[PDB]
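One chain comes next, on its own, written out as structure tokens in the form deposited in one PDB entry.
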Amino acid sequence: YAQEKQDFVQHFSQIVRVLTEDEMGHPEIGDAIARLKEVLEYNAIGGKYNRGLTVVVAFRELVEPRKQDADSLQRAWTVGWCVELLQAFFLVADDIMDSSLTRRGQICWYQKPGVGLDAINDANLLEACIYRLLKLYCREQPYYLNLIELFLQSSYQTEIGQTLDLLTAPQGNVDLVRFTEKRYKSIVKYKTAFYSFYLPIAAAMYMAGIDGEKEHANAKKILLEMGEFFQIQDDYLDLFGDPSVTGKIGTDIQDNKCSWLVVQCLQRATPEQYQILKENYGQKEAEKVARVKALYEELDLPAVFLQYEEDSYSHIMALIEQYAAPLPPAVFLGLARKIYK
């Protein structure tokens, strides 16, 4: 599982080289290409690489083994790195928008002295790097246009999701009438599930010559449902997870997030409870965060979650049973195993 990750990371060095080869081919833009290198190195490294690696794993599980030459494998690693660049673009930009301080345990790029709002253009460069790598490595392949369109569409979906989230949950303005279940699912589907789960498997599919509309739709159905549970579990763990196991010490409640937890809370709350939420949700003070968390436990949200994880796992297994064919079920089950661990 995580021997493949060392191999993925070692490929980065070449991605960076080929993207910053213009340091001397046109000398004039050298300093800009040096800055691009620093942007790539700071923002594309330090994550867990789950999205990029999924491209490689899924590719190897989908392609006939005697069409896995060195050049094929290299295209798969490169396209994995494209998914990671897309992720990096979103995170740099989201951090600016949310005023975050840290990411992946280090200062956010935009908070670095000397960067600041220049990070907006750095993020656009990271995005642009995707299409430069696609062209460099995949332009003669029959799936080239399909991949370009898949990355463009995944960016749109994600951005639209971000818009929805920004409207739903503006910092420093509590309005819980916004935090409905239909809205939560919609945010998760567009902002997270499409790029995190559909994108990497679809890309592997296209690379394997699997281009059919119907097959893509079948896999999408499985994968967007998995993505929904992934985010719900992320929301739950934000507050209730062991921090030496997650890494996170959560701030969803302080940040006025449309969390699965606040959604559930609101569905179950008496009016006296709605009031406790109104007075304490989306504020900085520890005692106020304690209040919300106490309210969550009083309503047995951990028991709700555990039940919800069980029903969700059965449903995902049924979706796999119904929609995986003719793909090998292992493509989806590998993901299910990680998510439901």
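The first residue of the sequence shown is number 1, and the count goes up from there.
- Averaged over Cα atoms, the B-factor as recorded in the entry is higher for 132-140 than for the other of 192-200 and 132-140.
- Averaged over Cα atoms, the B-factor as recorded in the entry is higher for 287-295 than for the other of 309-317 and 287-295.
- Highest C-alpha temperature factor among 146, 78, 158, 256 per the entry: 256.
- Across the options 251, 186, 163, 121, the residue with the most elevated CA B-factor in the record is 251.
- Per-chain ranking of the deposited C-alpha B factor places residue 60 in the middle third.
- Residue-level temperature factors show residue 114 in the middle third of its chain, judged at the C-alpha atom.
- Among all modelled residues in its chain, residue 53 ranks in the middle third by Cα B-factor.
- Ranked by Cα temperature factor within the chain, residue 182 sits in the middle third according to the deposited record.
- Among all modelled residues in its chain, residue 220 ranks in the lowest third by Cα B-factor.
What comes next is about the form deposited in another entry, which is not displayed.
- In the motion between the shown form and the other one, where one rigid part swings relative to another, the hinge among 305, 55, 169, 252 is 169.
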